[PDB]
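# Observations on chain architecture
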Amino acid sequence: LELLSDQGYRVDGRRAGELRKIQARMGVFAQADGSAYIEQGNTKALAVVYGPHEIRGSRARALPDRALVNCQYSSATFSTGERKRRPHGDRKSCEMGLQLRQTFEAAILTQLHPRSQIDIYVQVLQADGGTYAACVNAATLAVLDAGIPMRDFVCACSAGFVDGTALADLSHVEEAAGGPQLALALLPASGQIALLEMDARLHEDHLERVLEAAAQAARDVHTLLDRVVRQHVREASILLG
Amino acid sequence: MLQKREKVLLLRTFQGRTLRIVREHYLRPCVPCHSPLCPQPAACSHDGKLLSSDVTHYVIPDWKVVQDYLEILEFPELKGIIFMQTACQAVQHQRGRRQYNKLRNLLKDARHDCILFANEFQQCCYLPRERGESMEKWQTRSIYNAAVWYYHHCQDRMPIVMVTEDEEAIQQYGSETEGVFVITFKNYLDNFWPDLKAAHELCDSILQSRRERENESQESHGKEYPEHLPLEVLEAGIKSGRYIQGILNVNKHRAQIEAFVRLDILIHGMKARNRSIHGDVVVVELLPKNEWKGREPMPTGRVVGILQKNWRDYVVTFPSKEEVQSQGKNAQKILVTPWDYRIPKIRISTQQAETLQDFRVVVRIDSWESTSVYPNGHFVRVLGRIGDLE
Amino acid sequence: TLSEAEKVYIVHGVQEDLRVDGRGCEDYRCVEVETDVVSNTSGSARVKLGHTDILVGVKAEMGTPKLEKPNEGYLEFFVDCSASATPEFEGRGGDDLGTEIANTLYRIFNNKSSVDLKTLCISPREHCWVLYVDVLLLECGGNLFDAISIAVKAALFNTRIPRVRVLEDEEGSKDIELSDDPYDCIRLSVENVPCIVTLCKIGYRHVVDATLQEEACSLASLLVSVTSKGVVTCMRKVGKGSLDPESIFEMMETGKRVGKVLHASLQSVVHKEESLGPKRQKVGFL
Amino acid sequence: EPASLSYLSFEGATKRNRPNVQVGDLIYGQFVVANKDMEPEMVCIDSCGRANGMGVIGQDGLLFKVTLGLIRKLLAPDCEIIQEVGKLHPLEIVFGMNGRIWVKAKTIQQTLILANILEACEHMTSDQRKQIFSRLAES
Amino acid sequence: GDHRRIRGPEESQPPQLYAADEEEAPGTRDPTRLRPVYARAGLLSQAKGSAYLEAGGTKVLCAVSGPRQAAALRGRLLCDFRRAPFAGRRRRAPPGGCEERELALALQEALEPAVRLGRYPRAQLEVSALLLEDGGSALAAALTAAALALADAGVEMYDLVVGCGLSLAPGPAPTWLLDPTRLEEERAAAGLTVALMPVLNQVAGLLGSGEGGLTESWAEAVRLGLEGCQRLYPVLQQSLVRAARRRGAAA
Amino acid sequence: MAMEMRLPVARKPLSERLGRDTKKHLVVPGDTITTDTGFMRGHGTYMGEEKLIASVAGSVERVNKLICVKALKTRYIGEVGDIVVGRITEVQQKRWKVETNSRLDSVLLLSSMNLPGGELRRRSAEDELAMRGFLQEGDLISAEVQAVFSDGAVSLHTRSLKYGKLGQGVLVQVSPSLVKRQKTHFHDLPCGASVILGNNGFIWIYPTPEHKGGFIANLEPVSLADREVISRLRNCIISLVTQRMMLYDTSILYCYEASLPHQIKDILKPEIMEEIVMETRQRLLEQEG
Amino acid sequence: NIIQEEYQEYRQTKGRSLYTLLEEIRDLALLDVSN
Amino acid sequence: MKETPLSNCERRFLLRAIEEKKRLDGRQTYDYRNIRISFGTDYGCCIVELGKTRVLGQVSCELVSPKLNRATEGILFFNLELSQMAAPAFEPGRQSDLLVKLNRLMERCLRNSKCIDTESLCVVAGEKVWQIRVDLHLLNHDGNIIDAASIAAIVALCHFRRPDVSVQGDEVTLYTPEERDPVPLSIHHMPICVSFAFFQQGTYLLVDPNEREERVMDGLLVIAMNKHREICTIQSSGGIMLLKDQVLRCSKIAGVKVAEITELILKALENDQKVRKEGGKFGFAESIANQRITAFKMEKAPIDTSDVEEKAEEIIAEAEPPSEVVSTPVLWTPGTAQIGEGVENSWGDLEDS
């Protein structure tokens with residue numbers, strides 16, 4: 001099957017260094033302390049956060065120096081072509097909630113809420129392509145909506161490598177083809193990387209170009225989400241006064 | 001810039017499971033048209049293979065004229081060809097890999113006037129299906145609209161000639177845009193290119209072999225081999241005395257025709273050989289002397305079932321590079337060539353074909369299936385290297 | 001929880017046909033039902049009765065008939081309880097509520113005339129259609145039973161069930177062949193799908209569509225399952241206090257009348273949404 | 001079980017001039033109640049009341065752990081281990097009967113070497129072995 | 001499979017699905033009759049309170065544990081329903097089942113309106129019920145027995161709980177029946193079980209689902225269920241009397 | 001009775017219904033705020049390398065050396081001498097625990113409480129047994145913050161006559177940023193009811209105490225003419241709080257009068273709020289202006 | 001070229017190293033010089 | 001119970017060291033703690049010791065039916081495990097957020113690299129195929145569990161030897177080491193993990209850290225890369241915030257280290273095969289150091305089995321025979337019978353009525 005034509009067009013019609021269309025939203029729910037909604041291409045995510053509160057259970061599991069970040073991951077049973085129902089014991093959810101907890105224990109400026117918990121929930125309504133970056137961006141928007149201070153605006157994007165060229169924002173068809181996939185979590189102002197992942201084989205000479213293309217695609221996600229945040233804050237500033 | 005749309009699909013897996021997979025599609029403003037009269041260079045900049053305007057016309061098959069008549073469109077006298085990507089996609093998803101590789105070599109060549117057009121990635125030539133349809137009608141509609149768009153982008157200067165083998169496209173489409181015709185192929189040739197009479201005999205050849213084509217393809221239905229049956233039948237058919245049974249061998253100069261049944265019964269044909277290999281014990285009826293053949297009329301037979309079932313474990317080879325890079329790069333199915341002329345080719349599924357093209361390997365056989373012309377197998381173990389005595 | 005004085009004020013108000021919102025002893029807050037929200041599924045709904053939020057999905061798949069009857073299909077429910085609804089719903093903890101709702105839905109739909117079962121069988125003893133109803137709790141704001149029993153009738157009305165004409169003959173292609181048409185489907189005749197009616201009891205008066213505060217002041221409640229025609233399917237009493245025989249008879253009439261109005265108005269609203277088709281766009285979660 | 005100090009157990013400590021003791025610091029002190037009926041309790045100055053080196057110790061050294069045998073062997077009146085080991089590298093030690101030792105050499109390299117080579121002195125019997133061993137490590 | 005039990009065959013199809021004897025015909029009866037019932041209280045010796053209820057083909061054993069450590073200002077009432085695997089037509093998975101959890105909740109939401117938990121602060125009561133044989137209405141036996149056990153365990157209650165059961169005939173003129181059996185329950189269309197307090201005259205629990213859709217049959221099903229719970233009371237009246245007469249005289 | 005079931009309507013963005021341009025300075029996390037020679041960081045910002053970097057979305061507010069960012073959604077932060085309303089969630093041996101929409105729990109010490117008797121008789125350990133009896137779980141109080149602890153905790157006291165356990169009424173919880181700072185948070189609105197504007201976002205509405213601490217129960221029925229006033233104020237408060245409105249005495253009084261023409265039951269529609277909030281907006285415009 | 005540049009940089013330490021000696025010390029402390 | 005806490009003097013000393021570029025145990029920055037492998041007697045069993053860590057690897061195969069789809073391959077389980085004896089903290093169900101990241105690292109490396117040849121492990125299709133099952137256990141925790149676990153899994157998989165079968169026509173047969181010789185496996189490449197630790201916000205790094213150095217570090221970087229020059233997984237984790245030159249430097253370092261480790265592994269497997277083929281003695285027993293105080297060996301011993309008959313005989317003869325009061329069973333009514341002291345009446349009746 002052709003994943004890159006001779007003309008340079010992909011299966012869905014975009015070039016190598018081209019992203020899908022994103023359409024976000026802030027303030028979806030009312031009861032919670034924060035909310036967000038993003039649809040990156042054909043993947044629909046959702047995130048809900050709860051502000052610093054009293055530790056549930058009160059089983060002396062607190063930290064006297066910082067706060068306790070608690071991230072979960074879930075997925076709807078109609079999120080793909082087949083039903084594929086799973087119980088709440090899978091290790092895919094555990095590893096996704098652990099990479100989420102790892103990146104948000106580094107992005108959030110947590111040394112201001114001693115002996116407090118932060119509960120972050122992510123719900124995926126339709127998965128087609130990169131799920132990690134869609135969850136990270138939806139929870140970055142939900143955290144901004146909740147007013148929790150943070151060092152920067154963390155954004156994530158993936159990449160690939162086919163026929164000696166570097167792709168960007170891979171889809172499920174391209175992902176399920178046995179290629180060197182790769183994902184980041186970038187802080188645009190400093191250029192630092194919060195998380196790095198990889199699978200499948202790849203030569204050592206092509207790591208610089210796949211990593212550079214992924215970082216550039218994350219910097220391209222940054223501008224599009226930045227205009228959404230600026231329009232939202234100008235909206236509320238106009239409403240307030 | 002781009003404009004998202006969707007495409008549903010109905011994929012049928014090998015186990016009988018269909019699914020409504022949904023997928024993406026991204027339109028663009030400016031699809032390059034690879035022409036020397038595009039009235040704005042920069043917007044695409046035409047960075048590829050580019051025609052030179054000397055021709056009288058331009059002919060675009062709709063989908064079929066390149067599906068089967070392709071063997072015509074190689075003659076270096078033909079000039080001014082443009083392929084609609086929807087036809088290329090049709091042939092790829094309908095004609096396997098050989099025709100597609102020939103077409104793509106044709107395209108990827110600086111000898112002819114062949115280019116390719118992104119009909120489906122251009123923002124006003126794409127059209128969605130409607131209530132009551134078929135791939136053929138949607139196909140011709142899309143090709144037509146693509147033609148019209150290419151014409152109007154050309155500023156009505158170079159006369160496009162849409163060739164079809166559809167008659168109803170002739171009867172309706174070809175009468176409502178001045179400067180573009182929907183004519184049959186032989187009319188195209190006659191009307192334009194007389195001194196190409198060579199193409200005329202080959203086109204008449206393939207059209208008479210076409211009237212055949214439907215007759216041979218509809219006198220074949222949906223069965224390839226006589227289906228087998230139980231053993232107690234063969235017990236009886238032996239005892240009652242209407243079934244002999246012996247060993248079976250094959251010639252090796254002629255190994256698709258000359259199969260013998262050592263009591264010698266001449267088996268002629270694959271459809272007569274009925275999915276069976278040498279060294280086997282098969283039960284066979286006789287046949288009437290009015291349908292016997294020559295090497296006098298000899299007692300040819302008919303095999304319905306195999307009592308006792310003798311296999312072996314062969315030594316085969318892998319195809320060649322320039323025909324693997326086209327298999328994809330994750331090519332599940334593959335074809336293997338045995339080492340003695342007496343054995344058919346075997347269908348197996350592996351994922352290392354691009355790094356074992358200098359080694360002998362070993363395979364086996366699990367099941368001969370009739371919806372395939374070949375028997376199935378599975379890799380077994382590696383062997384030595386082609387070139388060294390070992 | 002709420003203090004004793006607040007509970008006294010609320011119970012006194014209900015007896016005077018006044019409530020903190022301002023409605024009466026029988027008023028019903030509006031809802032924002034919608035359909036065709038999810039892509040990958042074969043039918044969707046989204047019911048918003050207030051602070052609550054529901055989202056369901058129905059997918060029809062190939063399957064095998066059960067042993068007791070060969071000319072039938074079956075229905076599969078799975079009431080998920082997402083952890084975004086409440087922090088106390090983290091991981092384990094939403095299992096008992098989800099099982100309670102799934103069992104209630106099974107009791108509701110466990111009847112021969114629920115929708116149909118002949119239509120979902122194609123070849124006896126060999127094949128059948130299966131339906132997966134997947135409820136997803138997004139928020140909890142009281143009256144959770146009815147906000148789901150409405151989104152189920154709504155989503156069931158929007159099914160597709162793509163038609164298959166494959167011949168079962170052995171000589172022919174027994175393997176399931178579809179119609180190859182991406183837009184060829186069939187409706188489901190959901191006219192008489194039942195719905196749940198809740199009746200909280202405060203003082204000696206019964207109240208429909210009680211809020212969380214009005215639910216915390218109640219001791220018992222009754223559930224009635226009524227179709228559009230006005231017939232009862234399931235009847236379960238839930239609570240922590242006695243109810244008395246009389247209140248059963250005087251709650252049954254209110255269940256009948258509210259059910260009839262709910263069904264007629266739901267038929268009208270779905271027909272209004274359907275009268276104009278691909279126009280009007282679709283808006284949800286954005 | 002963990003032990004238990006008191007804020008006034010230190011030298012010259014009252015309700016106002018409490019001592020600065022953080023979480024995660026090492027203290028030199030002796031026990032006064034160690035029966036198997038309660039959590040052990042230790043005071044930290046003296047019998048009379050003048051803290052003789054007790055209290056919080058350790059600012060630029062390394063704390064490692066050894067078995068009870070080496071501690072028993074070193075705390076002997078006929079033990080020449082410390083004198084010969086200190087001949088090579090000048091040192092100062094504060095032993096602990098729970099199996100812990102605090103060392104402070106001049107160079108960090110020397111503190112690493114003393115830390116590694118002291119855990120092995122319970123074994124590797126003296127004479128035929130210890131002098132040659134000392135010469136090899138002299139370097 | 002399970003690492004805390006003895007593993008046997010992975011799959012096992014019972015011979016009922018291969019049983020070549022066709023389903024028989026139940027028969028007919030008078031719908032104004034009750035199966036004779038024998039009740040015994042104070043059975044177990046190591047339990048604070050116990051009772052054994054048997055009527056026709058039903059055998060259920062219930063035991064009550066005393067208050068233990070751990071809406072406070074009030075005590076909890078834990079419940080646990082479990083039936084023996086060698087009960088019914090087929091075997092059942094030991095780990096559990098959704099039906100058992102449904103009957104456990106139908107027990108908890110029916111025995112709390114009787115006991116007064118405002119006398120056991122920070123304490124809790126645990127009730128365990130076991131069904132040795134399923135030969136008819138089961139939830140009409142897990143309520144009577146678990147209520148007899150509580151009264152015999154010396155806990156303070158407002159009143160007892162007496163249960164009943166009904167089923168609907170499948171004929172063209174359906175009629176509700178009292179105390180159905182498995183031959184009259186697997187051929188039925190709907191069933192109803194009521195929990196009536198005989199003295200306070202207050203319904204404690206209600207449960208019913210099926211094919212009966214006219215709101216004039218359920219009025220009769222409810223009120224004949226109440227007449228059944230008013231007719232089962234005297235036997236339970238003499239059972240606790242005999243239980244206390246024997247328990248007291250042993251001192 | 002008709003059980004209206006409407007359909008969702010697309011939201012109109014940009015707040016084009018009136019039209020205004022902001023003259024403020026707006027930032028988002030990661031933006032570099034003014035980086036002059038010497039400045040002091042406020043709440044909402046942090047420092048990197050010779051840079052004042054905003055850490056939360058909002059608008060910068062400076063008073064003469066101080067760069068800080070004011071977010072538009074936060075939780076309550078305690079300050080000395082601030083009127084709060086809370087609920088008891090834990091009763092301990094020597095304290096209660098009160099939830100007031102803060103990052104932690106708030107502690108009400110037994111030493112600061114107007115115990116029953118309301119005078120100087122005695123205070124000893126005999127009261128400790130019955131202290132956990134009257135201020136039980138889930139009660140409502142209204143106290144004043146005393147001091148700030150070392151980990152953001154707040155201690156609140158009830159050493160007055162207007163503070164103590166509350167009685168009947170309704171409670172409305174909103175975000176703690178729509179309440180305008182004033183000097184009198186206790187009000188006696190001339191409508192038939194009263195109100196307490198808790199600085200933490202808790203709004204308590206109760207009837208006027210007829211003539212003239214939880215000592216009085218007064219668990220007797222409340223007249224019909226009082227409930228309709230409480231329901232009207234409840235709905236009007238919801239209406240103003242929803243779109244933008246900051247809550248205080250004049251806005252609620254203005255909206256209450258504007259709500260007389262039509263019924264209390266029918267005001268739940270998206271448009272009736274708009275036609276009431278705009279009328280209150282113009283009444284404030286024609287009064288202040 | 002580059003393979004030998006980083007060769008001389010990131011080798012295992014050559015020969016007589018401290019780690020060698022301290023492991024010698026460990027296995028000479030647990031030895032047995034009487035059999 | 002929990003693990004001893006970390007003081008505030010060791011942290012200062014370790015960081016002063018790291019600043020000064022000198023480590024506790026003497027080894028410089030780009031070094032490993034030397035390795036020592038030992039082979040069992042039956043194939044696919046080894047004990048690797050990196051520094052003072054121990055891992056036990058054991059491979060084992062079995063013949064099953066190959067699911068549905070993928071009818072011409074075999075499956076490959078894995079199961080890491082942490083033994084309660086490895087360290088105080090490890091508790092059977094209280095360390096569930098290290099097991100996951102470890103199993104994942106191991107599985108992504110070993111199963112996505114495609115080094116094992118699961119193509120040629122079929123006998124028929126749709127019918128019985130071999131199901132291998134790797135198993136690792138941690139015995140002693142001293143830091144860098146994953147390098148040791150990876151080397152252990154590699155050696156255990158490169159030392160296994162399957163059973164072997166005859167297939168011709170449509171008929172099966174299963175041999176045994178005396179009927180037919182066990183057969184090796186096919187291993188494409190050798191994916192070997194490497195770990196890096198970062199200290200005080202990426203300013204310094206240290207290769208192959210042990211357990212104290214693991215508690216004074218910010219975050220960890222792992223780079224799994226088979227022989228030649230081909231990377232197979234990377235997973236940044238911990239608390240780190242990285243640059244772009246550093247990933248490349250790390251990749252170089254991992255290249256070098258995997259080269260050296262594969263050298264060592266190949267040499268050790270070769271030596272082991274030579275020993276097994278010469279005809280000498282092998283196994284866990286003939287590996288115990290004899291030059292050491294804590295080892296002792298004892299050859300066989302007949303003890304004296306000359307007396308047991310007499311003692312048993314006299315014991316049987318010298319004790320009291322079974323007595324002869326025989327009890328009677330009582331019959332009440334078919335179905336129930338009682339034995340013992342019995343009950344006075346036949347059965348109770350109208351006792352209280």
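Residues numbered from 1 in each chain as written, not as in the entry; some residues may be left out. Chains lettered and ligands numbered in written order. Part of a larger assembly, values for the part shown. Heavy atoms only, no water. Residues with missing side-chain atoms left out of burial classes, pairs and counts.

Structure determination for the deposited model, as stated in its record, used cryo-EM, and the stated resolution is 3.7 Å.

### A few points about the arrangement of the chains
Most contacts, among the 13 pairs of chains that meet, fall between chains C and F. Separated throughout, chain C and chain H approach each other most closely at a C-alpha pair spaced 15 Å apart. (Contact = heavy atoms within 4.5 Å.)

### Structural notes on the sheet that holds strand 4 (residues 45–47) of chain F
Sheet strands line up and pair through hydrogen bonds in the backbone, either parallel or antiparallel. All names here are of chain F. With antiparallel pairing, 3 strands are arranged side by side in an open sheet as 2-5-4. Each edge of the sheet is formed by a strand with only one pairing partner; in this case those strands are strand 2 (32–33) and strand 4. As defined by bridge partners, strand 2 adjoins strand 5 (residues 52–54) across 2 bridges and the pair is classed as antiparallel. Looking at the pairing, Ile 33 lines up with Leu 52 of strand 5. (Pairing = 2+ DSSP bridges. Helix = DSSP H or I, 4+ residues; strand = E, 2+ residues; numbered from the N terminus.)

### Considering the side chain of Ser7(H)
Residues and elements named next belong to chain H. Position of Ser 7 relative to the elements: it lies in the segment before helix 1 (9–20). According to the relative accessible area criterion, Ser 7 is buried, its value standing at 9%. Among the polar contacts made by the side chain of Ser 7, one reaches the main-chain amide nitrogen of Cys 9 at a distance of 3.4 Å. Polar contacts involving the side chain of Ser 7 include one to the side chain of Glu 10, which spans 2.4 Å. (Buried < 20%, exposed > 50% of the residue type's maximum accessible area, 1.4 Å probe, protein only. Polar contact = N/O pair within 3.5 Å; in protein donor to acceptor, adjacent residues only side chain to side chain.)

### Points about a positive patch on the surface
Residues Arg201(A), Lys67(H), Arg70(H) and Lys114(H) make up a contiguous surface patch of positive charge. Mapped onto the fold, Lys67(H) is located in the loop between strand 4 (63–64) and strand 5 (76–77). (Patch = residues over 30% accessible without salt bridge, like charges linked within 9 Å, V, L, I, M, F, W, Y side chains within 5 Å. Areas by Shrake-Rupley, 256 points an atom, 1.4 Å probe, with all protein chains shown as cover. Salt bridge = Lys/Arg side-chain N within 4 Å of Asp/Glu carboxyl O. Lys, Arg positive; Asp, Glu negative; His and termini not counted. Charge placed at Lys NZ, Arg CZ, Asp CG, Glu CD.)

### Quick notes on the interface of chain C and chain F
Contact residues are listed per partner, giving 33 residues for chain C and 28 residues for chain F. Buried surface at the junction of chain C and chain F, summed over both partners, amounts to about 3,100 Å²; 63% is from carbon and sulfur atoms. The largest contributions to the chain C side of the interface with chain F come from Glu6(C), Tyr9(C) and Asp21(C), which together make up 20% of the buried area. Linking chain C with chain F are 11 residue pairs in polar contact, by the criterion used here. Elements with a contribution of two residues or more to the side of chain C that touches chain F: helix 1 (4–15) and helix 5 (245–275) of chain C. If one sorts the elements of the side of chain C that touches chain F by residue count, helix 5 of chain C sits on top with 7 residues. In terms of residue class, the side of chain C that touches chain F is made up of 16 nonpolar, 6 polar and 11 charged. (Buried area = accessible area lost by both parts, 1.4 Å probe. Nonpolar A, V, L, I, M, F, W, Y, C, P; charged D, E, K, R; others polar.)

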